[PDB]
Each structure stands twice: as structure tokens, then as C-alpha cells.
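Undergrad: Pasting target_4.txt here (compact mmCIF, C-alpha atoms):
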```
# COMPACT_ATOMS: atom_id res chain seq x y z
CA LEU A 125 32.96 40.54 101.10
CA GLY A 126 30.16 40.57 103.73
CA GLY A 127 30.03 36.92 104.98
CA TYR A 128 30.59 34.55 102.05
CA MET A 129 32.77 31.51 101.36
CA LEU A 130 33.83 29.89 98.05
CA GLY A 131 32.39 26.37 98.49
CA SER A 132 33.97 24.25 95.72
CA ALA A 133 34.93 24.27 92.08
CA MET A 134 32.81 22.06 89.86
CA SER A 135 34.96 19.59 87.89
CA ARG A 136 33.61 20.67 84.41
CA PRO A 137 30.10 19.43 85.41
CA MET A 138 28.56 18.61 81.97
CA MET A 139 24.94 19.79 82.09
CA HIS A 140 22.13 21.10 79.83
CA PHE A 141 20.52 24.56 79.54
CA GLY A 142 18.04 23.00 77.09
CA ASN A 143 19.66 25.20 74.41
CA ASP A 144 22.48 24.64 71.87
CA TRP A 145 24.26 28.03 71.68
CA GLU A 146 24.51 28.10 75.49
CA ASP A 147 25.42 24.38 75.89
CA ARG A 148 28.42 24.88 73.61
CA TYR A 149 29.59 28.23 74.99
CA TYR A 150 29.99 26.62 78.45
CA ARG A 151 31.99 23.61 77.07
CA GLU A 152 34.18 26.01 74.98
CA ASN A 153 34.90 28.63 77.73
CA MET A 154 34.31 26.79 81.10
CA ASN A 155 38.09 26.74 81.62
CA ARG A 156 38.10 30.57 81.73
CA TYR A 157 34.63 30.81 83.34
CA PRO A 158 33.77 31.07 87.06
CA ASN A 159 33.27 27.41 87.79
CA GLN A 160 33.11 27.80 91.55
CA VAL A 161 30.42 29.35 93.83
CA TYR A 162 30.53 31.73 96.90
CA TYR A 163 27.94 31.37 99.67
CA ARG A 164 26.73 31.99 103.21
CA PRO A 165 26.15 28.95 105.48
CA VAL A 166 22.75 27.25 104.85
CA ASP A 167 22.44 27.73 108.69
CA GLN A 168 20.15 30.83 108.28
CA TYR A 169 18.08 29.40 105.39
CA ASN A 170 15.58 26.55 104.79
CA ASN A 171 15.20 26.67 100.95
CA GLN A 172 17.52 26.50 98.00
CA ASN A 173 16.51 29.11 95.44
CA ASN A 174 16.87 32.20 97.70
CA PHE A 175 20.21 31.06 99.26
CA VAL A 176 21.15 30.26 95.66
CA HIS A 177 20.12 33.82 94.60
CA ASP A 178 22.62 35.27 97.16
CA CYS A 179 25.09 32.51 96.21
CA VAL A 180 25.27 33.10 92.42
CA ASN A 181 25.16 36.85 93.05
CA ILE A 182 28.26 37.03 95.26
CA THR A 183 30.02 34.40 93.05
CA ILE A 184 29.52 36.36 89.86
CA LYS A 185 29.94 39.78 91.63
CA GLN A 186 33.45 38.89 92.87
CA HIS A 187 34.43 37.14 89.68
CA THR A 188 33.08 39.66 87.15
CA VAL A 189 34.97 42.46 88.96
CA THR A 190 38.17 40.47 89.65
CA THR A 191 38.46 38.56 86.31
CA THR A 192 37.85 41.85 84.45
CA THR A 193 40.85 43.44 86.26
CA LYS A 194 42.90 40.25 85.56
CA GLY A 195 42.09 40.69 81.83
CA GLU A 196 38.55 39.43 81.02
CA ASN A 197 35.39 40.54 79.20
CA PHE A 198 32.23 38.54 79.81
CA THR A 199 28.92 39.42 78.09
CA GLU A 200 25.20 38.84 78.83
CA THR A 201 25.97 35.52 77.07
CA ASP A 202 28.96 34.51 79.25
CA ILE A 203 26.81 35.75 82.17
CA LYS A 204 23.85 33.56 81.25
CA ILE A 205 26.40 30.70 80.95
CA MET A 206 28.00 31.36 84.37
CA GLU A 207 24.61 32.20 85.93
CA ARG A 208 23.32 28.78 84.82
CA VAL A 209 26.25 26.56 85.95
CA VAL A 210 26.71 28.56 89.12
CA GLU A 211 22.96 28.46 90.01
CA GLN A 212 22.76 24.66 89.51
CA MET A 213 26.01 24.33 91.53
CA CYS A 214 24.73 26.77 94.18
CA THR A 215 21.53 24.67 94.49
CA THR A 216 23.69 21.48 94.40
CA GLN A 217 26.11 22.77 97.05
CA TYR A 218 23.04 23.68 99.17
CA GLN A 219 22.19 19.93 98.92
CA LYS A 220 25.84 19.17 99.98
CA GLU A 221 25.90 21.79 102.80
CA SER A 222 22.47 20.44 103.91
CA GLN A 223 23.82 16.87 103.95
CA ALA A 224 26.65 18.43 106.04
CA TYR A 225 24.12 20.28 108.26
CA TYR A 226 22.58 16.85 109.03
CA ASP A 227 26.13 15.46 108.48
CA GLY A 228 25.30 12.22 106.67
```
Kindly transcribe the structure held in the file into C-alpha cells.
TA:
Amino acid sequence: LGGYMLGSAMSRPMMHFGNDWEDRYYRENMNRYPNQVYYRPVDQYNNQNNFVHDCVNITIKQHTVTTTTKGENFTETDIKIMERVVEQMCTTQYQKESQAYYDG
């Protein structure tokens, strides 16, 4: 890949975009969707959003390719779904991996 690691699968998180059409598309397709996240160690970072930018990138990059070959067809919609859940889970796993950096 280049140096990334699938952290965990989120257990159908239940979250809000702020939208309706997005909210629903997650909770109708989340079973098919990438609901895990790939990352580097937080060990060469200090902030969430930029690690998270790498994180959601490699997540979706692997998945979009692989899942397509397995049979799938995401859209800029399914993307903005994935991209949301995966970014909030990337940021949240940074919090987890940071707790584990400190190891509390």
C-alpha cells in the first residue's frame, strides 16, 4: 500500500451529516459501504485533520478499487457518504490511537 493499516470497523456508528438524503443513504447501504478506515501511525503527526486526510484517502482508495472489482459501483453520493463516516472515524480513531500513544 505504502505504510497503512486498517484500524477498526465501526459498528454501524449512527451519526448525522446534518442532511436527510445523506443520513438515510448511510443507514440503507452501510452494510455494503466501507465502514472501516486505513491509516499510518499517529506517531509522525500532531493533529487530526491532516492524518485524517491521508486516512480517508487510503481507506477509500483501497476500497473503491477493490469493491469495484468484487462487484460494486459507488457514486459521488456513496463517496460523500463513505467520506463522511470514514473521516469522523479517522478523526475518532486518531483520538483512540492518541489515547494509545499516551496509553491510558
Undergrad: Any idea what the distance is between atom CA of residue A:161 and atom CA of residue A:183?
TA: 5.1 Å
Undergrad: List every protein, DNA or RNA residue that has at least one atom no more than 9 Å from (31.8, 26.3, 92.0) in the file's coordinates, counting all atoms listed in the file, and write the result as a list in words.
TA: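 Output of the proximity query reads residues 130, 131, 132, 133, 134, 135, 158, 159, 160, 161, 162, 183, 209, 210, 213, 214 and 217 of chain A.
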Undergrad: Grab the atom CA of residue A:200 to atom CA of residue A:176 distance for me, in Å with one decimal place.
TA: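 Here the two named atoms are 19.3 Å from each other.
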Undergrad: Hey, can you check how far atom CA of residue A:218 sits from atom CA of residue A:168?
TA: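 Separation between atom CA of residue A:218 and atom CA of residue A:168: 11.9 Å.
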Undergrad: Using the file's own x, y and z axes, what box holds all listed atoms of stretch 131-142 of chain A with 6 Å on each side, keeping edges along x, y and z, and what are its centre and edge lengths in Å to one decimal, as lines of an AutoDock Vina configuration file?
TA:
```
center_x = 26.5
center_y = 22.5
center_z = 87.8
size_x = 28.9
size_y = 19.8
size_z = 33.4
```
Undergrad: When you count only C-alpha atoms, which of these residues is closest to residue A:195: A:181, A:156, A:148, A:138?
TA: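 That would be A:156, the residue with the smallest distance to residue A:195.
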Undergrad: Near residue A:196, counting all atoms listed in the file, which residues have an atom at most 12 Å away, once you skip same-chain residues fewer than 3 positions from it, shown as an mmCIF file with C-alpha atoms, keeping the file's coordinate frame?
TA:
```cif
data_model
loop_
_atom_site.group_PDB
_atom_site.id
_atom_site.type_symbol
_atom_site.label_atom_id
_atom_site.label_comp_id
_atom_site.auth_asym_id
_atom_site.auth_seq_id
_atom_site.Cartn_x
_atom_site.Cartn_y
_atom_site.Cartn_z
ATOM 1 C CA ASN A 153 34.900 28.630 77.730
ATOM 2 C CA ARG A 156 38.100 30.570 81.730
ATOM 3 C CA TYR A 157 34.630 30.810 83.340
ATOM 4 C CA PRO A 158 33.770 31.070 87.060
ATOM 5 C CA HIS A 187 34.430 37.140 89.680
ATOM 6 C CA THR A 188 33.080 39.660 87.150
ATOM 7 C CA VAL A 189 34.970 42.460 88.960
ATOM 8 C CA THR A 190 38.170 40.470 89.650
ATOM 9 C CA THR A 191 38.460 38.560 86.310
ATOM 10 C CA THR A 192 37.850 41.850 84.450
ATOM 11 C CA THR A 193 40.850 43.440 86.260
ATOM 12 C CA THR A 199 28.920 39.420 78.090
ATOM 13 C CA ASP A 202 28.960 34.510 79.250
#
```
Undergrad: For stretch 144-146 of chain A, please output as number ranges by chain all residues within 10 Å (counting all atoms listed in the file; exclusion window: fewer than 5 positions along the same chain).
TA: A: 151-152, 201-202, 204-205, 208
Undergrad: Pick out the closest residue to residue A:225 from this set: A:136, A:129, A:170, A:147. Count all atoms listed in the file.
TA: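 Closest candidate: A:170.
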Undergrad: Measuring atom to atom with all atoms listed in the file, identify which of A:154, A:139, A:180, A:125 is nearest to residue A:215.
TA: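 Residue with the minimum atom-to-atom distance to residue A:215: A:180.
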